[PDB]
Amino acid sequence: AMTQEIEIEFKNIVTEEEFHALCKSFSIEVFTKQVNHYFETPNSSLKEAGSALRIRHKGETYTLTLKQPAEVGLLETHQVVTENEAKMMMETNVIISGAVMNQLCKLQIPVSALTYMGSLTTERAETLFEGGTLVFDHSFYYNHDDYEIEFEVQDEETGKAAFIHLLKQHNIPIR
């Protein structure tokens, strides 16, 4: 149910034209839908502490996730919950107990002030690339849609070089 991980992930915004070209370049055909239900306090506490708190619905699975700062990249705490647990967090704004609650209290978020603020649909595809994972994200936000390429790595120094090299190969500007 419960895992934690250190995630090192570079991200670049891209245009629609660049996105479609890069997807054809990697033979990216199939996209997987996911929806993220995000939480925050009226004072933006999560954001102020470099952190994010979300319930991801992907397939039949719901996962409560906290991302927070680590020395390198982010420390992520995932907790699989049931649909009904997901819906009660969203309708009551009370966060279920367990690893994610434990980390929020140690971060000193005023947990009782957290509220369900909204949601976003992302279409996501991935592929293994230079011993990292290349991610193609198309997200539908309130008045606009956003295209991103991401790269999750094991080595921050060599991963970065590989990512910047890829962008350069494809004449994609660093954004």
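One-based numbering along the sequence shown.
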Where do the C-alpha atoms have the higher mean temperature factor in this entry, in 111-119 or in 22-30?
22-30
Based on the PDB entry, the highest CA temperature factor among the options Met90, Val72, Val100, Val80 is that of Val72
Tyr141 by Cα B-factor - lowest, middle or highest third of the modelled chain:
middle
Comparing against every modelled residue in the chain, figure out the third that the C-alpha B-factor of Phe129 lands in (lowest, middle or highest).
highest
Using the B-factors in the PDB entry, rank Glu40's C-alpha atom against the chain and give the third, lowest, middle or highest.
lowest
On the chain's distribution of Cα B-factors, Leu104 falls within the third called middle
